[PDB]
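J.: This is target-v1.cif, which holds mmCIF, C-alpha atoms and all ligand atoms:
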data_my_file
#
loop_
_atom_site.group_PDB
_atom_site.id
_atom_site.type_symbol
_atom_site.label_atom_id
_atom_site.label_comp_id
_atom_site.auth_asym_id
_atom_site.auth_seq_id
_atom_site.Cartn_x
_atom_site.Cartn_y
_atom_site.Cartn_z
ATOM 1 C CA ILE A 1 0.000 0.000 0.000
ATOM 2 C CA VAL A 2 1.364 3.408 -1.044
ATOM 3 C CA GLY A 3 0.652 6.475 1.083
ATOM 4 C CA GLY A 4 -1.125 4.506 3.782
ATOM 5 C CA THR A 5 -0.714 3.993 7.516
ATOM 6 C CA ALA A 6 -0.513 1.118 9.987
ATOM 7 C CA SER A 7 -3.868 -0.505 10.665
ATOM 8 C CA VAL A 8 -5.176 -1.154 14.167
ATOM 9 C CA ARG A 9 -5.143 -4.836 15.125
ATOM 10 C CA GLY A 10 -8.461 -6.473 14.242
ATOM 11 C CA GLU A 11 -9.508 -3.449 12.192
ATOM 12 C CA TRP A 12 -9.894 -5.535 9.003
ATOM 13 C CA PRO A 13 -10.856 -8.984 10.411
ATOM 14 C CA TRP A 14 -11.716 -10.325 6.949
ATOM 15 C CA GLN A 15 -8.228 -9.633 5.591
ATOM 16 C CA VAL A 16 -5.941 -12.662 5.285
ATOM 17 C CA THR A 17 -2.358 -13.084 4.125
ATOM 18 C CA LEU A 18 -1.854 -15.899 1.628
ATOM 19 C CA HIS A 19 1.599 -17.482 1.715
ATOM 20 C CA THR A 20 3.322 -19.923 -0.587
ATOM 21 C CA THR A 21 5.885 -22.305 0.903
ATOM 22 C CA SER A 22 7.888 -22.601 -2.324
ATOM 23 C CA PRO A 23 10.793 -22.268 -2.469
ATOM 24 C CA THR A 24 10.733 -20.929 1.095
ATOM 25 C CA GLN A 25 7.708 -19.394 2.826
ATOM 26 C CA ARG A 26 6.697 -15.857 1.898
ATOM 27 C CA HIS A 27 3.628 -13.658 1.573
ATOM 28 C CA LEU A 28 2.087 -14.095 -1.878
ATOM 29 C CA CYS A 29 -1.235 -12.245 -1.903
ATOM 30 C CA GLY A 30 -4.008 -10.723 0.171
ATOM 31 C CA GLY A 31 -7.517 -12.166 0.319
ATOM 32 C CA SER A 32 -10.854 -11.812 2.098
ATOM 33 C CA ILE A 33 -12.771 -14.236 4.302
ATOM 34 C CA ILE A 34 -16.279 -14.433 2.837
ATOM 35 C CA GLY A 35 -17.386 -17.766 4.275
ATOM 36 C CA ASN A 36 -16.400 -20.266 6.976
ATOM 37 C CA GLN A 37 -14.344 -22.201 4.426
ATOM 38 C CA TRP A 38 -13.943 -19.594 1.695
ATOM 39 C CA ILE A 39 -11.379 -16.933 0.843
ATOM 40 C CA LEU A 40 -12.065 -14.569 -2.068
ATOM 41 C CA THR A 41 -8.924 -13.387 -3.838
ATOM 42 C CA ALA A 42 -7.412 -12.594 -7.268
ATOM 43 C CA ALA A 43 -6.909 -15.212 -9.989
ATOM 44 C CA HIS A 44 -3.596 -13.840 -11.242
ATOM 45 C CA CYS A 45 -2.244 -14.564 -7.767
ATOM 46 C CA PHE A 46 -1.828 -18.225 -8.684
ATOM 47 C CA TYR A 47 0.507 -17.850 -11.652
ATOM 48 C CA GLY A 48 2.977 -20.733 -11.554
ATOM 49 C CA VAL A 49 0.979 -22.443 -8.800
ATOM 50 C CA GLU A 50 0.146 -25.991 -9.802
ATOM 51 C CA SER A 51 -1.001 -27.262 -6.421
ATOM 52 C CA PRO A 52 -2.881 -25.911 -3.373
ATOM 53 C CA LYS A 53 -0.449 -27.915 -1.244
ATOM 54 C CA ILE A 54 2.097 -25.088 -1.209
ATOM 55 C CA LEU A 55 -0.457 -22.539 0.001
ATOM 56 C CA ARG A 56 -1.113 -21.394 3.575
ATOM 57 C CA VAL A 57 -3.809 -18.957 4.627
ATOM 58 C CA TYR A 58 -3.259 -16.944 7.787
ATOM 59 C CA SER A 59 -6.135 -15.057 9.401
ATOM 60 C CA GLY A 60 -6.177 -12.653 12.345
ATOM 61 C CA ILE A 61 -2.777 -11.258 11.379
ATOM 62 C CA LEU A 62 -1.570 -7.676 11.825
ATOM 63 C CA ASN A 63 2.216 -8.076 11.541
ATOM 64 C CA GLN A 64 3.914 -10.618 9.300
ATOM 65 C CA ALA A 65 6.272 -11.090 12.257
ATOM 66 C CA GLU A 66 3.427 -12.937 14.025
ATOM 67 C CA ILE A 67 3.807 -15.739 11.500
ATOM 68 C CA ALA A 68 6.381 -18.335 12.540
ATOM 69 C CA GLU A 69 6.913 -22.040 11.875
ATOM 70 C CA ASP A 70 4.719 -22.741 14.916
ATOM 71 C CA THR A 71 1.871 -20.452 13.828
ATOM 72 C CA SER A 72 -1.431 -22.092 12.915
ATOM 73 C CA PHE A 73 -2.762 -21.666 9.382
ATOM 74 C CA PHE A 74 -5.483 -22.904 7.052
ATOM 75 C CA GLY A 75 -4.505 -25.320 4.317
ATOM 76 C CA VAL A 76 -6.060 -24.851 0.883
ATOM 77 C CA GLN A 77 -8.129 -27.753 -0.417
ATOM 78 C CA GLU A 78 -8.967 -26.260 -3.786
ATOM 79 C CA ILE A 79 -8.172 -23.245 -5.931
ATOM 80 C CA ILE A 80 -11.125 -22.139 -8.055
ATOM 81 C CA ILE A 81 -10.222 -19.718 -10.856
ATOM 82 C CA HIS A 82 -12.955 -18.099 -12.973
ATOM 83 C CA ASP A 83 -13.090 -20.062 -16.238
ATOM 84 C CA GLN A 84 -12.995 -16.877 -18.325
ATOM 85 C CA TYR A 85 -9.866 -15.577 -16.589
ATOM 86 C CA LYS A 86 -6.789 -15.093 -18.787
ATOM 87 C CA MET A 87 -4.942 -12.195 -17.139
ATOM 88 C CA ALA A 88 -5.601 -9.387 -14.638
ATOM 89 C CA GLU A 89 -5.816 -6.621 -17.260
ATOM 90 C CA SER A 90 -8.489 -8.532 -19.215
ATOM 91 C CA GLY A 91 -10.868 -8.889 -16.280
ATOM 92 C CA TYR A 92 -12.349 -11.904 -14.507
ATOM 93 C CA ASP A 93 -9.475 -11.587 -12.025
ATOM 94 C CA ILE A 94 -11.218 -13.546 -9.313
ATOM 95 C CA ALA A 95 -10.633 -16.825 -7.511
ATOM 96 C CA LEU A 96 -11.976 -18.797 -4.574
ATOM 97 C CA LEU A 97 -9.883 -20.764 -2.112
ATOM 98 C CA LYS A 98 -11.713 -23.620 -0.437
ATOM 99 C CA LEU A 99 -10.025 -24.164 2.911
ATOM 100 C CA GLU A 100 -9.221 -27.621 4.250
ATOM 101 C CA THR A 101 -10.731 -26.622 7.578
ATOM 102 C CA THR A 102 -13.367 -24.209 8.862
ATOM 103 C CA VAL A 103 -12.515 -20.776 10.260
ATOM 104 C CA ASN A 104 -13.869 -20.190 13.779
ATOM 105 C CA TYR A 105 -15.047 -16.578 13.721
ATOM 106 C CA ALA A 106 -13.944 -14.138 16.416
ATOM 107 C CA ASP A 107 -13.142 -10.436 16.798
ATOM 108 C CA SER A 108 -9.832 -11.108 15.024
ATOM 109 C CA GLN A 109 -11.231 -13.085 12.087
ATOM 110 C CA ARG A 110 -14.720 -12.770 10.599
ATOM 111 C CA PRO A 111 -16.308 -12.592 7.129
ATOM 112 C CA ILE A 112 -17.020 -9.460 5.119
ATOM 113 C CA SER A 113 -20.429 -9.291 3.446
ATOM 114 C CA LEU A 114 -20.622 -9.338 -0.327
ATOM 115 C CA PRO A 115 -22.293 -6.359 -2.003
ATOM 116 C CA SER A 116 -25.883 -6.736 -3.186
ATOM 117 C CA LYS A 117 -27.076 -6.104 -6.737
ATOM 118 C CA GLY A 118 -29.379 -3.540 -5.156
ATOM 119 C CA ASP A 119 -26.380 -1.424 -4.190
ATOM 120 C CA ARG A 120 -25.016 -0.565 -7.617
ATOM 121 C CA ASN A 121 -26.683 2.832 -7.449
ATOM 122 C CA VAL A 122 -25.381 3.389 -3.943
ATOM 123 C CA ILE A 123 -22.411 5.743 -3.674
ATOM 124 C CA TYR A 124 -19.612 4.523 -1.458
ATOM 125 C CA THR A 125 -17.945 7.452 0.239
ATOM 126 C CA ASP A 126 -15.910 5.433 2.707
ATOM 127 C CA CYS A 127 -13.679 2.968 0.929
ATOM 128 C CA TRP A 128 -10.326 1.579 1.993
ATOM 129 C CA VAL A 129 -7.686 -0.611 0.387
ATOM 130 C CA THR A 130 -5.503 -2.733 2.634
ATOM 131 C CA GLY A 131 -2.503 -5.043 2.473
ATOM 132 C CA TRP A 132 1.126 -5.882 3.206
ATOM 133 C CA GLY A 133 2.251 -4.786 -0.255
ATOM 134 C CA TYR A 134 4.999 -2.455 -1.463
ATOM 135 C CA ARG A 135 5.078 1.200 -0.447
ATOM 136 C CA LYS A 136 6.605 2.024 -3.847
ATOM 137 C CA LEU A 137 6.834 0.293 -7.246
ATOM 138 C CA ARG A 138 10.269 -0.964 -6.185
ATOM 139 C CA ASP A 139 10.196 -2.132 -2.572
ATOM 140 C CA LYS A 140 9.281 -5.186 -0.491
ATOM 141 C CA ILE A 141 6.543 -6.788 1.604
ATOM 142 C CA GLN A 142 5.599 -4.726 4.660
ATOM 143 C CA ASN A 143 5.485 -6.098 8.201
ATOM 144 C CA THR A 144 2.423 -4.223 9.439
ATOM 145 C CA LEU A 145 -0.856 -4.378 7.509
ATOM 146 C CA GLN A 146 -1.285 -0.980 5.819
ATOM 147 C CA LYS A 147 -4.523 0.870 5.085
ATOM 148 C CA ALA A 148 -5.400 3.787 2.809
ATOM 149 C CA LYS A 149 -8.688 5.595 2.245
ATOM 150 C CA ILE A 150 -9.347 5.976 -1.475
ATOM 151 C CA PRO A 151 -12.301 7.390 -3.432
ATOM 152 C CA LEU A 152 -13.993 5.368 -6.153
ATOM 153 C CA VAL A 153 -13.872 6.815 -9.670
ATOM 154 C CA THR A 154 -16.485 6.289 -12.392
ATOM 155 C CA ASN A 155 -15.689 3.787 -15.146
ATOM 156 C CA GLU A 156 -15.799 6.564 -17.728
ATOM 157 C CA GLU A 157 -13.261 8.527 -15.704
ATOM 158 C CA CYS A 158 -11.123 5.415 -15.305
ATOM 159 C CA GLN A 159 -11.259 4.571 -19.009
ATOM 160 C CA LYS A 160 -9.722 7.971 -19.803
ATOM 161 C CA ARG A 161 -6.714 7.143 -17.634
ATOM 162 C CA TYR A 162 -6.244 3.782 -19.355
ATOM 163 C CA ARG A 163 -6.520 4.445 -23.105
ATOM 164 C CA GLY A 164 -4.666 1.291 -24.081
ATOM 165 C CA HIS A 165 -7.044 -0.802 -21.975
ATOM 166 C CA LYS A 166 -10.721 -1.613 -21.858
ATOM 167 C CA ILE A 167 -12.179 -0.822 -18.442
ATOM 168 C CA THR A 168 -15.333 -2.960 -18.378
ATOM 169 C CA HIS A 169 -18.280 -2.804 -16.000
ATOM 170 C CA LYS A 170 -16.804 -5.896 -14.349
ATOM 171 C CA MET A 171 -14.034 -3.648 -13.068
ATOM 172 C CA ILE A 172 -14.131 -0.715 -10.670
ATOM 173 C CA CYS A 173 -11.407 1.860 -10.090
ATOM 174 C CA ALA A 174 -10.285 3.989 -7.174
ATOM 175 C CA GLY A 175 -7.632 6.646 -6.758
ATOM 176 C CA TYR A 176 -6.825 10.344 -6.476
ATOM 177 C CA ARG A 177 -6.348 12.422 -9.622
ATOM 178 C CA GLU A 178 -3.029 13.484 -8.107
ATOM 179 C CA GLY A 179 -2.101 9.962 -6.984
ATOM 180 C CA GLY A 180 -0.226 9.372 -3.738
ATOM 181 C CA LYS A 181 -2.415 6.597 -2.293
ATOM 182 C CA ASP A 182 -2.897 3.229 -3.968
ATOM 183 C CA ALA A 183 -2.389 -0.526 -3.834
ATOM 184 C CA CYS A 184 0.988 -1.942 -4.917
ATOM 185 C CA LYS A 185 2.741 -5.288 -5.488
ATOM 186 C CA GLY A 186 1.823 -7.715 -2.735
ATOM 187 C CA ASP A 187 -1.590 -6.167 -2.128
ATOM 188 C CA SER A 188 -3.100 -8.216 -4.964
ATOM 189 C CA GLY A 189 -6.090 -10.278 -4.021
ATOM 190 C CA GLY A 190 -6.694 -7.839 -1.192
ATOM 191 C CA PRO A 191 -10.135 -6.366 -0.472
ATOM 192 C CA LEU A 192 -11.437 -2.921 -1.346
ATOM 193 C CA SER A 193 -13.688 -2.491 1.683
ATOM 194 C CA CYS A 194 -16.381 0.213 1.710
ATOM 195 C CA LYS A 195 -18.550 1.072 4.683
ATOM 196 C CA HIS A 196 -22.124 2.042 3.919
ATOM 197 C CA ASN A 197 -24.748 2.647 6.595
ATOM 198 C CA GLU A 198 -22.583 1.055 9.303
ATOM 199 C CA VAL A 199 -21.906 -2.064 7.265
ATOM 200 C CA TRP A 200 -18.719 -3.090 5.507
ATOM 201 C CA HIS A 201 -18.961 -4.490 1.988
ATOM 202 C CA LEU A 202 -16.348 -6.187 -0.177
ATOM 203 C CA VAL A 203 -16.644 -3.862 -3.169
ATOM 204 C CA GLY A 204 -13.502 -4.816 -5.050
ATOM 205 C CA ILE A 205 -10.490 -7.118 -5.212
ATOM 206 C CA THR A 206 -7.070 -5.512 -5.775
ATOM 207 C CA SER A 207 -6.229 -6.429 -9.377
ATOM 208 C CA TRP A 208 -3.886 -4.111 -11.284
ATOM 209 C CA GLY A 209 -2.747 -0.647 -12.262
ATOM 210 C CA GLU A 210 0.000 1.222 -14.103
ATOM 211 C CA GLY A 211 2.776 1.526 -11.556
ATOM 212 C CA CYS A 212 1.667 2.438 -8.040
ATOM 213 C CA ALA A 213 0.012 5.665 -6.870
ATOM 214 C CA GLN A 214 0.969 7.583 -9.995
ATOM 215 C CA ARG A 215 -0.887 10.751 -10.950
ATOM 216 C CA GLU A 216 -3.948 10.058 -13.094
ATOM 217 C CA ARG A 217 -3.544 6.279 -12.772
ATOM 218 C CA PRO A 218 -6.349 4.893 -10.563
ATOM 219 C CA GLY A 219 -6.019 1.417 -9.120
ATOM 220 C CA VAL A 220 -8.132 -1.165 -10.930
ATOM 221 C CA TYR A 221 -10.204 -3.681 -8.973
ATOM 222 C CA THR A 222 -12.478 -6.610 -9.729
ATOM 223 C CA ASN A 223 -16.056 -5.341 -9.372
ATOM 224 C CA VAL A 224 -17.234 -7.969 -6.885
ATOM 225 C CA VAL A 225 -20.969 -7.281 -7.221
ATOM 226 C CA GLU A 226 -20.683 -8.591 -10.802
ATOM 227 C CA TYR A 227 -19.619 -11.997 -9.476
ATOM 228 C CA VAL A 228 -22.130 -12.705 -6.696
ATOM 229 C CA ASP A 229 -23.898 -15.215 -8.952
ATOM 230 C CA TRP A 230 -20.560 -16.855 -9.802
ATOM 231 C CA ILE A 231 -19.527 -16.951 -6.147
ATOM 232 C CA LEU A 232 -22.840 -18.542 -5.173
ATOM 233 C CA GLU A 233 -22.522 -21.162 -7.922
ATOM 234 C CA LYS A 234 -18.931 -22.070 -7.024
ATOM 235 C CA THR A 235 -19.361 -22.151 -3.227
ATOM 236 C CA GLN A 236 -22.604 -24.131 -3.149
ATOM 237 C CA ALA A 237 -21.721 -27.820 -3.017
HETATM 238 B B1 LIG B 1 -0.225 -8.287 -6.906
HETATM 239 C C1 LIG B 1 -0.194 -6.860 -7.409
HETATM 240 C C2 LIG B 1 -0.680 -5.821 -6.553
HETATM 241 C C3 LIG B 1 -0.699 -4.470 -6.952
HETATM 242 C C4 LIG B 1 -0.238 -4.072 -8.222
HETATM 243 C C5 LIG B 1 -0.278 -2.620 -8.637
HETATM 244 N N1 LIG B 1 -1.634 -2.133 -8.385
HETATM 245 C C6 LIG B 1 -1.968 -0.751 -8.369
HETATM 246 N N2 LIG B 1 -3.174 -0.367 -8.133
HETATM 247 N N3 LIG B 1 -0.988 0.222 -8.606
HETATM 248 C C7 LIG B 1 0.295 -5.177 -9.167
HETATM 249 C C8 LIG B 1 0.291 -6.524 -8.714
HETATM 250 O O1 LIG B 1 0.435 -8.411 -5.637
HETATM 251 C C9 LIG B 1 0.917 -9.738 -5.589
HETATM 252 C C10 LIG B 1 1.313 -9.964 -7.040
HETATM 253 C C11 LIG B 1 1.353 -11.468 -7.405
HETATM 254 O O2 LIG B 1 0.980 -11.688 -8.745
HETATM 255 O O3 LIG B 1 0.334 -9.273 -7.780
#
Let me see the structure of the file written as C-alpha cells.
Ligand SMILES: *[B@@]1(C2=[C][C]=C([C][N]C([N])=[N])[C]=[C]2)O[C][C]([C][O])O1

T.:
Amino acid sequence: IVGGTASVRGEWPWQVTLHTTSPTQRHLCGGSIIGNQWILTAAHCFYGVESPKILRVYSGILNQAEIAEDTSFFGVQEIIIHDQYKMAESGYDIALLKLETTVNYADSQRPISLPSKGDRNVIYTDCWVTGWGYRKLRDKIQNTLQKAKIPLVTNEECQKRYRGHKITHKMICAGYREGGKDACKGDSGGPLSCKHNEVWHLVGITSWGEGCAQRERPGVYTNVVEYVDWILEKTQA
C-alpha cells in the first residue's frame, strides 16, 4: 500500500495473508474471508501455482512477524479460478480458495459481506484498500498491515486514464487524480472495503494498475458485485 498507515489490530478482520511455501515461505497475496471455508482473492495470484499444497492462509494477522513455523494456518483444499480468466488486465481476475478446515469466527477473524445487486446505485464514500504490499513500485513486503482511504472513480473517468485498456463494467477503479495513495505489489487479491450505513462491503479485489500511486492512474479492482452469482454457484456444493 502506497501512502497509507498502519492498521489497528483487528480493524480488518476479513483480511488474510496468503503465503506460498515454495521455495521458502513468503507472503504471496491478500484475500478476504467471505465464508467459513472460503477466501475470495485474485486469480492472477496463482501464476505458476500448480497445487494448493504449497499454500497457507493466515487469518487474524496484523504483523507478518506474528507468522512463525509454529503459527497455525489454514490449508487450501482447492483453488477455483474463474473459467474466463486469462490475465488481470483482461478482467475476470477472481478466484476462490476452499479451505481444508473451517474458520472459527472471532473479533480477530470474521467474514465481510458481499455487495448486493441492489447497491449498484449506492455511492460509497468510505472505501479503503488494505494489504502488506509495497510502499513504492520498487520495494518489499511490509510487516504491518497498511490501510489507505481511497475514493472510487467512475468507469468513464477510469477509461480515460487507461486508453490502451478496456475498463469494463466488471471492473471498478479507485484513486486520487493526483495519486499518492494506492495498492501496490503484494496487495493483490486484497479487499477494497467500503462502509455504507454502518456495514462493511467487499466492493472490489485488488487487481492491477499502471505503476503504483501515480498521478492520473487509478487502481483497478475486480467489481465484486458482478460476481455474486458466480460466487454462489462455485461455493454451493
Ligand atoms: B499483486 C499486485 C498488486 C498491486 C499491483 C499494482 N496495483 C496498483 N493499483 N498500482 C500489481 C500486482 O500483488 C501480488 C502480485 C502477485 O501476482 O500481484

J.: Show me which residues are within 7 Å of ligand LIG 1 (chain B) counting only C-alpha atoms and all ligand atoms, and format the list as a ChimeraX atom specification.

T.: /A:28-29,44-45,47,133,182-189,206-213,218-220

J.: Tell me which residues the PyMOL selection byres (((chain A and resi 71-77) around 6) and not hetatm) grabs here, as a ChimeraX atom specification.

T.: /A:52,56-58,67-70,78,98-100

J.: When you count all atoms listed in the file, which of these residues is closest to residue 114 (chain A): A:224, A:97, A:205, A:62?

T.: A:224

J.: Just want the 9 Å neighbourhood of residue 162 (chain A), counted on all atoms listed in the file, with same-chain residues fewer than 3 positions away dropped. Output as a tab-separated table (two decimals) with C-alpha atoms, in the coordinates of the input.

T.:
chain	number	residue	atom	x	y	z
A	158	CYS	CA	-11.12	5.42	-15.30
A	159	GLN	CA	-11.26	4.57	-19.01
A	165	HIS	CA	-7.04	-0.80	-21.98
A	166	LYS	CA	-10.72	-1.61	-21.86
A	167	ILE	CA	-12.18	-0.82	-18.44
A	210	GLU	CA	0.00	1.22	-14.10
A	217	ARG	CA	-3.54	6.28	-12.77
A	218	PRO	CA	-6.35	4.89	-10.56

J.: Hey, which of A:94, A:1, A:122, A:129 ends up closest to residue 226 (chain A)? Count all atoms listed in the file.

T.: A:94

J.: Out of A:30, A:151, A:191, A:4, which residue has the shortest atom-to-atom distance to residue 126 (chain A) when counting all atoms listed in the file?

T.: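 Result for the nearest residue to residue 126 (chain A): A:151.
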
J.: At the level of N, CA, C and O atoms, write region 19-33 of chain A to a file as a JSON list (two decimals), in the first residue's frame, please.

T.:
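Result file out-v3.json:
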[["chain", "number", "residue", "atom", "x", "y", "z"],
["A", 19, "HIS", "N", 0.19, -17.17, 1.90],
["A", 19, "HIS", "CA", 1.60, -17.48, 1.71],
["A", 19, "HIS", "C", 1.79, -18.69, 0.82],
["A", 19, "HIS", "O", 0.90, -19.53, 0.68],
["A", 20, "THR", "N", 2.96, -18.76, 0.20],
["A", 20, "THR", "CA", 3.32, -19.92, -0.59],
["A", 20, "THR", "C", 4.54, -20.43, 0.17],
["A", 20, "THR", "O", 5.28, -19.64, 0.74],
["A", 21, "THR", "N", 4.74, -21.74, 0.20],
["A", 21, "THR", "CA", 5.89, -22.30, 0.90],
["A", 21, "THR", "C", 7.03, -22.64, -0.05],
["A", 21, "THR", "O", 8.05, -23.19, 0.36],
["A", 22, "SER", "N", 6.86, -22.30, -1.33],
["A", 22, "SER", "CA", 7.89, -22.60, -2.32],
["A", 22, "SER", "C", 8.50, -21.36, -2.97],
["A", 22, "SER", "O", 7.78, -20.48, -3.44],
["A", 23, "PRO", "N", 9.85, -21.27, -3.00],
["A", 23, "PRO", "CA", 10.79, -22.27, -2.47],
["A", 23, "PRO", "C", 10.84, -22.27, -0.95],
["A", 23, "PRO", "O", 10.97, -23.32, -0.32],
["A", 24, "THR", "N", 10.77, -21.08, -0.36],
["A", 24, "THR", "CA", 10.73, -20.93, 1.10],
["A", 24, "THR", "C", 9.49, -20.07, 1.34],
["A", 24, "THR", "O", 9.05, -19.34, 0.45],
["A", 25, "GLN", "N", 8.93, -20.13, 2.54],
["A", 25, "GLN", "CA", 7.71, -19.39, 2.83],
["A", 25, "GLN", "C", 7.79, -17.88, 2.71],
["A", 25, "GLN", "O", 8.73, -17.25, 3.19],
["A", 26, "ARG", "N", 6.78, -17.30, 2.07],
["A", 26, "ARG", "CA", 6.70, -15.86, 1.90],
["A", 26, "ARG", "C", 5.27, -15.46, 1.57],
["A", 26, "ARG", "O", 4.48, -16.26, 1.07],
["A", 27, "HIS", "N", 4.94, -14.20, 1.86],
["A", 27, "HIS", "CA", 3.63, -13.66, 1.57],
["A", 27, "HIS", "C", 3.49, -13.60, 0.06],
["A", 27, "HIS", "O", 4.38, -13.10, -0.64],
["A", 28, "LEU", "N", 2.36, -14.09, -0.45],
["A", 28, "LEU", "CA", 2.09, -14.10, -1.88],
["A", 28, "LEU", "C", 1.02, -13.05, -2.24],
["A", 28, "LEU", "O", 1.23, -12.18, -3.09],
["A", 29, "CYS", "N", -0.12, -13.14, -1.58],
["A", 29, "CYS", "CA", -1.24, -12.24, -1.90],
["A", 29, "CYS", "C", -2.12, -11.97, -0.68],
["A", 29, "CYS", "O", -1.99, -12.59, 0.37],
["A", 30, "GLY", "N", -3.03, -11.02, -0.85],
["A", 30, "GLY", "CA", -4.01, -10.72, 0.17],
["A", 30, "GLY", "C", -5.26, -11.49, -0.24],
["A", 30, "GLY", "O", -5.29, -12.08, -1.32],
["A", 31, "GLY", "N", -6.27, -11.48, 0.61],
["A", 31, "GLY", "CA", -7.52, -12.17, 0.32],
["A", 31, "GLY", "C", -8.54, -11.77, 1.36],
["A", 31, "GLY", "O", -8.19, -11.11, 2.35],
["A", 32, "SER", "N", -9.80, -12.16, 1.16],
["A", 32, "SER", "CA", -10.85, -11.81, 2.10],
["A", 32, "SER", "C", -11.69, -13.02, 2.52],
["A", 32, "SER", "O", -12.11, -13.82, 1.69],
["A", 33, "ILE", "N", -11.94, -13.14, 3.82],
["A", 33, "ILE", "CA", -12.77, -14.24, 4.30],
["A", 33, "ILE", "C", -14.21, -13.88, 3.94],
["A", 33, "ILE", "O", -14.69, -12.83, 4.34]]
